[PDB]
file run36.csv (CSV, C-alpha atoms and all ligand atoms)
chain,number,residue,atom,x,y,z
A,28,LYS,CA,99.7,52.3,109.7
A,29,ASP,CA,97.4,54.7,111.5
A,30,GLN,CA,98.9,53.6,114.8
A,31,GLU,CA,102.5,54.6,113.8
A,32,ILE,CA,101.6,58.3,114.4
A,33,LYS,CA,101.8,57.6,118.1
A,34,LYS,CA,105.0,55.5,117.6
A,35,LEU,CA,106.8,58.0,115.4
A,36,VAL,CA,106.4,60.8,117.9
A,37,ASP,CA,107.7,58.7,120.8
A,38,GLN,CA,110.9,58.0,118.7
A,39,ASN,CA,111.7,61.6,117.8
A,40,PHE,CA,110.0,63.9,120.3
A,41,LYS,CA,109.9,61.8,123.5
A,42,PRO,CA,113.7,61.5,123.9
A,43,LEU,CA,113.9,65.3,124.0
A,44,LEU,CA,112.2,65.5,127.4
A,45,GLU,CA,115.0,63.7,129.1
A,46,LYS,CA,117.7,65.2,126.9
A,47,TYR,CA,116.9,68.8,128.0
A,48,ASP,CA,115.0,68.0,131.3
A,49,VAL,CA,111.7,69.2,129.9
A,50,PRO,CA,108.8,68.7,132.4
A,51,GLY,CA,106.0,68.6,129.8
A,52,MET,CA,105.4,68.4,126.1
A,53,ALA,CA,102.3,68.2,123.9
A,54,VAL,CA,102.8,67.0,120.3
A,55,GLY,CA,99.8,67.1,117.8
A,56,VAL,CA,99.6,65.7,114.3
A,57,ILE,CA,96.9,66.2,111.7
A,58,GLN,CA,96.6,64.0,108.6
A,59,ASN,CA,93.7,63.8,106.2
A,60,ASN,CA,91.6,65.9,108.6
A,61,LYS,CA,92.2,63.4,111.4
A,62,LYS,CA,93.8,64.8,114.6
A,63,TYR,CA,96.3,62.9,116.8
A,64,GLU,CA,97.1,64.2,120.3
A,65,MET,CA,100.1,63.0,122.3
A,66,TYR,CA,100.8,64.4,125.8
A,67,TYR,CA,104.0,63.9,127.9
A,68,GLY,CA,105.1,64.8,131.4
A,69,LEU,CA,103.8,67.5,133.7
A,70,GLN,CA,102.4,71.0,133.1
A,71,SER,CA,103.4,71.7,136.8
A,72,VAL,CA,106.2,69.9,138.5
A,73,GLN,CA,105.3,71.1,142.0
A,74,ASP,CA,101.6,70.2,141.5
A,75,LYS,CA,102.3,66.9,139.6
A,76,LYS,CA,99.6,67.9,137.1
A,77,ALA,CA,100.2,66.1,133.8
A,78,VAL,CA,99.9,67.7,130.4
A,79,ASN,CA,96.5,67.1,128.9
A,80,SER,CA,94.2,68.5,126.2
A,81,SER,CA,93.3,71.4,128.5
A,82,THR,CA,96.9,72.5,129.3
A,83,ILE,CA,97.6,76.1,128.2
A,84,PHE,CA,101.0,76.9,126.8
A,85,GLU,CA,102.7,80.2,125.9
A,86,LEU,CA,103.0,80.3,122.1
A,87,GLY,CA,105.7,83.0,122.1
A,88,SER,CA,106.6,84.2,118.6
A,89,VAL,CA,104.0,81.8,117.2
A,90,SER,CA,101.5,84.4,118.3
A,91,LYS,CA,102.7,86.4,115.3
A,92,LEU,CA,100.7,84.0,113.1
A,93,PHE,CA,97.5,85.2,114.8
A,94,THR,CA,98.6,88.8,114.3
A,95,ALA,CA,99.1,88.1,110.6
A,96,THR,CA,95.7,86.4,110.4
A,97,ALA,CA,94.2,89.5,112.1
A,98,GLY,CA,95.8,91.7,109.5
A,99,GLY,CA,94.5,89.6,106.7
A,100,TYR,CA,91.1,89.8,108.2
A,101,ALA,CA,91.1,93.6,108.3
A,102,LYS,CA,92.5,93.8,104.7
A,103,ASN,CA,89.8,91.6,103.3
A,104,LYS,CA,87.1,93.5,105.2
A,105,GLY,CA,88.4,96.8,103.8
A,106,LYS,CA,89.6,98.2,107.1
A,107,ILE,CA,93.3,98.4,106.0
A,108,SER,CA,95.5,98.3,103.0
A,109,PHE,CA,99.0,96.8,102.9
A,110,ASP,CA,100.1,100.0,101.2
A,111,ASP,CA,98.8,102.2,104.0
A,112,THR,CA,101.1,103.7,106.7
A,113,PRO,CA,100.7,103.6,110.5
A,114,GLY,CA,100.1,107.4,110.7
A,115,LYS,CA,96.7,106.9,108.9
A,116,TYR,CA,95.5,105.0,112.0
A,117,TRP,CA,97.7,106.1,114.8
A,118,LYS,CA,97.2,109.8,114.2
A,119,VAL,CA,100.2,110.9,116.3
A,120,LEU,CA,102.6,109.2,113.9
A,121,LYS,CA,101.4,111.1,110.8
A,122,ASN,CA,104.3,112.8,109.0
A,123,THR,CA,106.8,111.2,111.3
A,124,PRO,CA,109.7,109.2,109.8
A,125,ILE,CA,108.0,105.9,110.7
A,126,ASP,CA,105.1,107.0,108.5
A,127,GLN,CA,107.2,106.2,105.5
A,128,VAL,CA,107.0,102.4,106.2
A,129,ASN,CA,103.9,100.7,104.9
A,130,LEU,CA,102.0,98.1,106.9
A,131,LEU,CA,103.2,95.2,104.8
A,132,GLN,CA,106.8,96.3,105.6
A,133,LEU,CA,106.1,96.4,109.3
A,134,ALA,CA,104.5,93.0,109.2
A,135,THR,CA,107.5,91.5,107.4
A,136,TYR,CA,110.3,93.2,109.3
A,137,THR,CA,111.7,95.4,106.5
A,138,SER,CA,111.4,98.9,108.1
A,139,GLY,CA,115.2,99.1,108.0
A,140,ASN,CA,115.8,100.1,111.6
A,141,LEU,CA,114.0,97.9,114.1
A,142,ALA,CA,115.8,95.3,116.3
A,143,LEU,CA,114.5,92.0,117.7
A,144,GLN,CA,113.2,93.7,120.9
A,145,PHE,CA,112.3,97.1,122.2
A,146,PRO,CA,115.1,98.8,124.2
A,147,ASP,CA,114.9,98.0,127.9
A,148,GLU,CA,113.8,101.6,128.6
A,149,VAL,CA,110.6,101.2,126.6
A,150,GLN,CA,108.0,99.8,129.0
A,151,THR,CA,104.9,102.1,129.4
A,152,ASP,CA,102.4,103.0,126.7
A,153,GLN,CA,103.8,106.6,126.6
A,154,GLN,CA,107.4,105.3,126.1
A,155,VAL,CA,106.2,103.1,123.2
A,156,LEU,CA,104.7,106.2,121.6
A,157,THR,CA,107.9,108.2,122.2
A,158,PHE,CA,109.9,105.3,120.6
A,159,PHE,CA,108.0,105.4,117.3
A,160,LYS,CA,107.9,109.2,117.3
A,161,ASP,CA,111.7,109.5,117.6
A,162,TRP,CA,112.3,106.6,115.2
A,163,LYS,CA,114.8,107.5,112.5
A,164,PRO,CA,115.5,105.5,109.4
A,165,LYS,CA,118.8,103.6,108.8
A,166,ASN,CA,118.7,101.0,106.1
A,167,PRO,CA,116.6,101.8,103.0
A,168,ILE,CA,113.0,101.0,103.8
A,169,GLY,CA,111.8,97.6,102.4
A,170,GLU,CA,115.2,96.2,101.5
A,171,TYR,CA,116.5,94.6,104.7
A,172,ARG,CA,114.7,92.0,106.8
A,173,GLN,CA,115.5,92.0,110.5
A,174,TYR,CA,113.3,89.8,112.7
A,175,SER,CA,111.6,92.3,115.0
A,176,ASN,CA,108.9,92.4,117.7
A,177,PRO,CA,108.4,96.2,117.6
A,178,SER,CA,107.9,96.0,113.8
A,179,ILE,CA,105.0,93.4,113.8
A,180,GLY,CA,103.9,94.8,117.2
A,181,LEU,CA,103.1,98.1,115.6
A,182,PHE,CA,101.5,96.3,112.7
A,183,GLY,CA,99.2,94.6,115.1
A,184,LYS,CA,98.3,97.8,117.0
A,185,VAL,CA,97.4,99.5,113.6
A,186,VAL,CA,95.2,96.4,112.8
A,187,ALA,CA,93.5,96.9,116.1
A,188,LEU,CA,93.1,100.6,115.6
A,189,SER,CA,91.4,100.0,112.2
A,190,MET,CA,88.9,97.5,113.8
A,191,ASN,CA,88.0,100.0,116.6
A,192,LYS,CA,88.9,97.5,119.3
A,193,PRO,CA,92.0,96.8,121.4
A,194,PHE,CA,94.2,94.0,120.0
A,195,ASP,CA,93.4,91.5,122.7
A,196,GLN,CA,89.7,91.8,121.9
A,197,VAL,CA,90.4,91.5,118.1
A,198,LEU,CA,91.8,88.1,118.7
A,199,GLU,CA,89.5,86.8,121.4
A,200,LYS,CA,86.2,88.2,120.1
A,201,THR,CA,86.8,87.9,116.3
A,202,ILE,CA,89.8,85.9,115.2
A,203,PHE,CA,89.8,83.1,117.7
A,204,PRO,CA,86.0,82.3,117.4
A,205,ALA,CA,86.3,82.5,113.6
A,206,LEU,CA,89.0,79.9,113.7
A,207,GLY,CA,86.9,77.7,116.1
A,208,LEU,CA,89.4,78.1,119.0
A,209,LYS,CA,87.9,77.4,122.4
A,210,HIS,CA,90.8,78.0,124.9
A,211,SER,CA,93.1,80.5,123.2
A,212,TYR,CA,93.7,83.7,125.1
A,213,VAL,CA,95.7,86.8,125.1
A,214,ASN,CA,94.8,87.1,128.8
A,215,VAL,CA,94.2,83.8,130.6
A,216,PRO,CA,91.1,84.2,132.8
A,217,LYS,CA,90.9,83.0,136.4
A,218,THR,CA,88.7,80.0,135.6
A,219,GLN,CA,91.5,78.7,133.3
A,220,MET,CA,94.5,79.5,135.5
A,221,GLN,CA,94.5,75.9,136.8
A,222,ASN,CA,95.1,74.8,133.2
A,223,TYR,CA,97.8,77.5,132.6
A,224,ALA,CA,101.1,75.5,132.7
A,225,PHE,CA,104.2,76.7,134.5
A,226,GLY,CA,107.1,77.5,132.2
A,227,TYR,CA,110.6,76.5,133.3
A,228,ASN,CA,113.9,78.4,132.7
A,229,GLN,CA,117.3,76.8,132.2
A,230,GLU,CA,117.5,76.3,136.0
A,231,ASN,CA,114.1,74.4,135.9
A,232,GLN,CA,112.5,77.2,138.0
A,233,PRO,CA,108.8,77.9,137.4
A,234,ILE,CA,108.2,81.0,135.4
A,235,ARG,CA,105.6,82.7,133.2
A,236,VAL,CA,105.7,85.5,130.6
A,237,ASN,CA,106.1,89.0,132.0
A,238,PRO,CA,104.3,92.1,130.8
A,239,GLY,CA,106.1,94.0,128.0
A,240,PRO,CA,105.7,96.7,125.4
A,241,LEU,CA,103.4,95.5,122.6
A,242,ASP,CA,103.6,92.0,124.1
A,243,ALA,CA,100.2,90.8,122.8
A,244,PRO,CA,100.7,91.3,119.0
A,245,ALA,CA,104.4,90.1,119.3
A,246,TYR,CA,104.2,87.1,121.7
A,247,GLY,CA,101.2,87.3,123.9
A,248,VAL,CA,99.0,84.3,122.9
A,249,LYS,CA,98.5,81.3,125.1
A,250,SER,CA,96.8,78.2,123.6
A,251,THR,CA,96.2,74.5,123.9
A,252,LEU,CA,97.1,71.6,121.6
A,253,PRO,CA,93.5,70.9,120.4
A,254,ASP,CA,93.2,74.6,119.5
A,255,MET,CA,96.5,74.7,117.7
A,256,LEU,CA,95.5,71.6,115.7
A,257,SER,CA,92.3,73.4,114.8
A,258,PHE,CA,94.5,76.4,113.7
A,259,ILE,CA,96.5,74.1,111.5
A,260,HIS,CA,93.4,72.5,110.1
A,261,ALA,CA,92.1,76.0,109.3
A,262,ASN,CA,95.4,76.6,107.4
A,263,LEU,CA,95.2,73.3,105.5
A,264,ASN,CA,91.5,73.7,104.6
A,265,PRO,CA,90.6,77.4,104.5
A,266,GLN,CA,87.9,76.8,101.8
A,267,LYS,CA,85.8,75.0,104.5
A,268,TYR,CA,85.6,78.2,106.7
A,269,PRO,CA,83.4,81.3,106.3
A,270,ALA,CA,84.5,83.8,103.7
A,271,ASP,CA,85.8,86.4,106.1
A,272,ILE,CA,88.3,84.2,108.0
A,273,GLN,CA,89.0,82.1,104.9
A,274,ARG,CA,90.3,85.1,102.9
A,275,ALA,CA,92.2,86.1,106.1
A,276,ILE,CA,94.0,82.8,106.2
A,277,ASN,CA,94.8,83.0,102.5
A,278,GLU,CA,96.5,86.4,103.1
A,279,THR,CA,99.0,84.5,105.3
A,280,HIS,CA,100.0,82.0,102.6
A,281,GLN,CA,101.6,84.3,100.1
A,282,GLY,CA,105.4,84.9,100.1
A,283,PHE,CA,106.4,88.6,99.6
A,284,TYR,CA,110.2,88.2,99.3
A,285,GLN,CA,113.0,85.7,99.7
A,286,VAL,CA,116.1,85.5,102.0
A,287,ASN,CA,118.1,82.6,100.5
A,288,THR,CA,115.8,79.5,100.6
A,289,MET,CA,113.2,81.1,103.0
A,290,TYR,CA,110.1,82.9,101.6
A,291,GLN,CA,108.7,85.4,104.1
A,292,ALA,CA,104.9,85.3,104.1
A,293,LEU,CA,102.5,87.1,106.4
A,294,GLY,CA,103.7,85.7,109.7
A,295,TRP,CA,104.4,82.3,108.3
A,296,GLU,CA,107.7,81.3,106.9
A,297,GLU,CA,107.3,79.6,103.5
A,298,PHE,CA,109.6,77.1,101.8
A,299,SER,CA,109.5,75.1,98.6
A,300,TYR,CA,108.3,71.6,99.2
A,301,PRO,CA,110.0,69.2,99.5
A,302,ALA,CA,112.5,71.1,101.6
A,303,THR,CA,115.8,69.9,102.8
A,304,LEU,CA,116.4,69.7,106.5
A,305,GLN,CA,119.1,72.3,106.4
A,306,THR,CA,116.8,74.7,104.6
A,307,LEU,CA,114.3,74.6,107.5
A,308,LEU,CA,117.2,74.8,110.1
A,309,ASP,CA,118.7,77.8,108.3
A,310,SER,CA,115.5,79.8,108.8
A,311,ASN,CA,116.3,79.7,112.6
A,312,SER,CA,120.0,80.3,112.2
A,313,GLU,CA,121.6,83.2,114.0
A,314,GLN,CA,122.2,84.9,110.7
A,315,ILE,CA,118.5,84.9,109.7
A,316,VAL,CA,117.1,85.4,113.2
A,317,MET,CA,119.4,87.9,114.8
A,318,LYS,CA,121.1,89.8,112.0
A,319,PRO,CA,119.8,92.0,109.2
A,320,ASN,CA,119.7,90.4,105.7
A,321,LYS,CA,119.0,92.0,102.3
A,322,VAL,CA,115.8,90.7,100.7
A,323,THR,CA,115.3,89.7,97.1
A,324,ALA,CA,112.3,89.3,95.0
A,325,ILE,CA,110.6,85.9,94.6
A,326,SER,CA,112.1,84.4,91.5
A,327,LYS,CA,110.9,80.8,91.7
A,328,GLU,CA,107.3,80.9,92.8
A,329,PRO,CA,107.0,77.4,94.4
A,330,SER,CA,103.9,75.5,93.3
A,331,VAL,CA,104.2,73.0,96.1
A,332,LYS,CA,104.8,74.9,99.4
A,333,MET,CA,105.3,74.3,103.1
A,334,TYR,CA,105.1,76.6,106.1
A,335,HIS,CA,106.5,76.6,109.6
A,336,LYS,CA,107.2,78.9,112.6
A,337,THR,CA,109.2,78.6,115.8
A,338,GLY,CA,108.2,80.5,118.9
A,339,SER,CA,109.6,80.8,122.4
A,340,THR,CA,109.1,82.6,125.7
A,341,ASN,CA,111.6,82.4,128.6
A,342,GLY,CA,110.0,79.1,129.7
A,343,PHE,CA,108.1,77.7,126.7
A,344,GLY,CA,109.0,76.4,123.3
A,345,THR,CA,106.7,76.1,120.3
A,346,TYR,CA,106.8,74.8,116.7
A,347,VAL,CA,104.1,74.6,114.0
A,348,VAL,CA,104.4,73.3,110.5
A,349,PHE,CA,102.0,72.2,107.7
A,350,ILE,CA,102.1,71.0,104.1
A,351,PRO,CA,98.9,71.8,102.2
A,352,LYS,CA,99.3,69.4,99.2
A,353,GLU,CA,100.1,66.5,101.6
A,354,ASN,CA,97.3,67.7,104.0
A,355,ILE,CA,99.5,67.1,107.0
A,356,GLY,CA,100.6,69.3,109.9
A,357,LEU,CA,102.3,69.1,113.3
A,358,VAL,CA,102.4,71.2,116.5
A,359,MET,CA,104.9,71.0,119.3
A,360,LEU,CA,104.3,72.7,122.7
A,361,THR,CA,106.8,72.4,125.6
A,362,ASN,CA,106.9,74.1,129.0
A,363,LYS,CA,110.7,74.5,128.7
A,364,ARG,CA,112.9,75.9,125.9
A,365,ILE,CA,114.8,73.4,123.7
A,366,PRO,CA,117.0,74.4,120.8
A,367,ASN,CA,115.0,75.4,117.7
A,368,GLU,CA,117.0,72.9,115.6
A,369,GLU,CA,115.8,70.1,117.8
A,370,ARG,CA,112.2,71.0,117.3
A,371,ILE,CA,112.6,71.1,113.5
A,372,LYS,CA,114.6,67.9,113.2
A,373,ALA,CA,112.1,65.9,115.2
A,374,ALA,CA,109.1,67.3,113.2
A,375,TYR,CA,111.1,66.7,109.9
A,376,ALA,CA,111.5,63.0,110.8
A,377,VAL,CA,107.9,62.6,111.8
A,378,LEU,CA,106.4,64.2,108.7
A,379,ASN,CA,108.5,62.4,106.2
A,380,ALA,CA,107.6,59.0,107.7
A,381,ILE,CA,103.9,59.7,107.1
A,382,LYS,CA,104.5,60.2,103.3
B,401,LIG,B1,110.1,84.7,119.6
B,401,LIG,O1,110.6,84.9,118.1
B,401,LIG,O2,109.5,83.4,120.0
B,401,LIG,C1,110.3,85.8,120.6
B,401,LIG,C2,111.6,86.3,121.0
B,401,LIG,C3,111.8,87.3,121.9
B,401,LIG,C4,110.7,87.8,122.6
B,401,LIG,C5,110.9,88.9,123.6
B,401,LIG,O3,111.0,90.1,123.2
B,401,LIG,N1,110.9,88.6,124.9
B,401,LIG,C6,111.3,89.6,125.9
B,401,LIG,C7,110.5,87.3,125.5
B,401,LIG,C8,111.7,86.4,125.5
B,401,LIG,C9,109.4,87.4,122.2
B,401,LIG,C10,109.2,86.4,121.3
B,402,CL,CL,96.8,109.3,118.3
call {"tool": "encode", "arguments": {"input": "run36.csv", "output": "structure tokens", "more": "lines below"}}
Ligand SMILES: *[B]([O])([O])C1=[C][C]=C(C(=O)N([C])[C][C])[C]=[C]1
Ligand SMILES: [Cl-]
result
Amino acid sequence: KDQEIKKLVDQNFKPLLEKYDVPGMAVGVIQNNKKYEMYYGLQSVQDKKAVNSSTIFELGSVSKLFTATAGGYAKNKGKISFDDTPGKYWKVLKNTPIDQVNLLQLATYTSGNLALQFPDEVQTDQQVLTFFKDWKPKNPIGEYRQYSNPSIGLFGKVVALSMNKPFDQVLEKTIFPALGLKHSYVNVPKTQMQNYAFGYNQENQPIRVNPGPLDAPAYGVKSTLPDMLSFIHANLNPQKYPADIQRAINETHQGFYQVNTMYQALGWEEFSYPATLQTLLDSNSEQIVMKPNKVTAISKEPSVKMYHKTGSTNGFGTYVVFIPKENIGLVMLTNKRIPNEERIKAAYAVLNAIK
């Protein structure tokens, strides 16, 4: 029965490579602290290099999980409080309208007036500052969730400002080593560029992520399948890790509000387990992802929970999910975007067949 792990992924994930012309895919599964690694296709079409345990993928919005873990690390260490405001750390924002939104509201996209991306005009560091200086409120603060890169991006910058280090160093020198990650980078070094996969757009043209405003805390992490399986293992068994990172992980497993059947935790999206397939798919619907939605208090606190998160760049797709009481998790990494529903459906079929 331990061999069906390899067989179940070939039935549900492998057909997606041909269906959407995906050059490479890496699917990992952890069950009872045992890791399974399945690699498909090529990380580089022109180089005919196959996807392996060293292939580096762009995590996209799954990077937000590491930003949330970084915030939980600073909160437990006393460097921040979720009730603090960004002006306390970014001094030029003090008394500005954005200084009325606390850090927890920035991390959970409830500022009331922040869209999915920065405007196209916002590029340089000065233009990022001018954006949050001129920021005016719209919806009542804390009442409307709108999935936003600027929101959690500012949250990550404040976390970095409270740790007296730039954000990329916070992850690479503190968070990643605390999680046991060996090849996770905000900036991929030259000695690892041969492992950095090419992404592929809808025309199957090789591409990689471009520099952008607050790109690192919003979508700037690149990682490998063994590292992401270690990150899942850390989320499944935080009590096995040192106290500083363990309490950081626990900070990301607490829902703060609901939107229909989705509980918004720190970075992670939380659901009552067992969850229906449509519940997980609804989290990635256009209504939940692109539009504002009024939030409600957590009424039913689920005793048995599950967590997932989709992430995408222009040429990469990502999906991670784990179930603590089943001690099972899955990671999908692809060097071409496939519909979010397809990633969730395939992982839903794999997890339910392994009890
Ligand atoms: B994500 O939720 O994986 C995500 C969506 C969009 C962006 C973005 O702003 N850009 C420009 C990259 C496509 C990042 C992450
Ligand atoms: Cl300042």
call {"tool": "residues_around", "arguments": {"input": "run36.csv", "residues": "residue A:177", "least_positions_apart": "6", "cutoff": "8 Å", "atoms": "only C-alpha atoms", "output": "PyMOL selection string"}}
result
chain A and resi 141-145+241+245
call {"tool": "atom_distance", "arguments": {"input": "run36.csv", "atom1": "atom CA of residue A:151", "atom2": "atom CA of residue A:168"}}
result
26.9 Å
call {"tool": "residues_around", "arguments": {"input": "run36.csv", "residues": "residue A:252", "least_positions_apart": "4", "cutoff": "10 Å", "atoms": "all atoms listed in the file", "output": "list in words"}}
result
residues 52, 53, 54, 55, 56, 63, 64, 65, 66, 79, 80, 81, 82, 83, 84, 210, 211, 256, 257, 258, 358, 359 and 360 of chain A
call {"tool": "closest_residue", "arguments": {"input": "run36.csv", "among": "A:129, A:39, A:88, A:153", "to": "ligand CL 402 (chain B)", "atoms": "all atoms listed in the file"}}
result
A:153
call {"tool": "residues_near_ligand", "arguments": {"input": "run36.csv", "ligand": "ligand CL 402 (chain B)", "cutoff": "12 Å", "atoms": "all atoms listed in the file", "output": "list in words"}}
result
residues 113, 114, 115, 116, 117, 118, 119, 120, 121, 152, 153, 156, 157, 159, 160, 184, 185 and 188 of chain A
call {"tool": "closest_residue", "arguments": {"input": "run36.csv", "among": "A:333, A:275, A:224, A:324", "to": "residue A:73", "atoms": "only C-alpha atoms"}}
result
A:224
call {"tool": "atom_distance", "arguments": {"input": "run36.csv", "atom1": "atom CA of residue A:130", "atom2": "atom CA of residue A:307"}}
result
26.5 Å
call {"tool": "atom_distance", "arguments": {"input": "run36.csv", "atom1": "atom CA of residue A:233", "atom2": "atom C3 of ligand LIG 401 (chain B)"}}
result
18.4 Å
call {"tool": "closest_atom_pairs", "arguments": {"input": "run36.csv", "of": "chain A", "to": "ligand LIG 401 (chain B)", "cutoff": "9 Å", "atoms": "all atoms listed in the file", "output": "tab-separated table"}}
result
residue	atom	partner	partner_atom	distance
A:86	CA	B:LIG401	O2	7.5
A:87	CA	B:LIG401	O2	4.4
A:88	CA	B:LIG401	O2	3.3
A:89	CA	B:LIG401	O2	6.4
A:90	CA	B:LIG401	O2	8.2
A:91	CA	B:LIG401	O1	8.5
A:143	CA	B:LIG401	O3	6.8
A:144	CA	B:LIG401	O3	4.8
A:145	CA	B:LIG401	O3	7.2
A:174	CA	B:LIG401	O1	7.8
A:175	CA	B:LIG401	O1	8.1
A:176	CA	B:LIG401	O3	6.3
A:177	CA	B:LIG401	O3	8.7
A:236	CA	B:LIG401	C7	7.2
A:237	CA	B:LIG401	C7	8.0
A:238	CA	B:LIG401	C6	8.9
A:239	CA	B:LIG401	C6	7.1
A:240	CA	B:LIG401	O3	8.7
A:242	CA	B:LIG401	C9	7.6
A:245	CA	B:LIG401	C9	6.4
A:246	CA	B:LIG401	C10	5.1
A:247	CA	B:LIG401	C9	8.4
A:316	CA	B:LIG401	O1	8.2
A:336	CA	B:LIG401	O1	8.8
A:337	CA	B:LIG401	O2	6.4
A:338	CA	B:LIG401	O2	3.4
A:339	CA	B:LIG401	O2	3.5
A:340	CA	B:LIG401	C8	4.6
A:341	CA	B:LIG401	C8	5.1
A:342	CA	B:LIG401	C8	8.6
A:343	CA	B:LIG401	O2	8.9
A:344	CA	B:LIG401	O2	7.8
A:345	CA	B:LIG401	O2	7.8
call {"tool": "closest_residue", "arguments": {"input": "run36.csv", "among": "A:260, A:318, A:267, A:28", "to": "residue A:59", "atoms": "all atoms listed in the file"}}
result
A:260
call {"tool": "closest_residue", "arguments": {"input": "run36.csv", "among": "A:97, A:350, A:355, A:220", "to": "residue A:279", "atoms": "only C-alpha atoms"}}
result
A:97
call {"tool": "closest_residue", "arguments": {"input": "run36.csv", "among": "A:187, A:261, A:92, A:43", "to": "residue A:296", "atoms": "only C-alpha atoms"}}
result
A:92
call {"tool": "closest_residue", "arguments": {"input": "run36.csv", "among": "A:149, A:72, A:347, A:101", "to": "residue A:272", "atoms": "only C-alpha atoms"}}
result
A:101
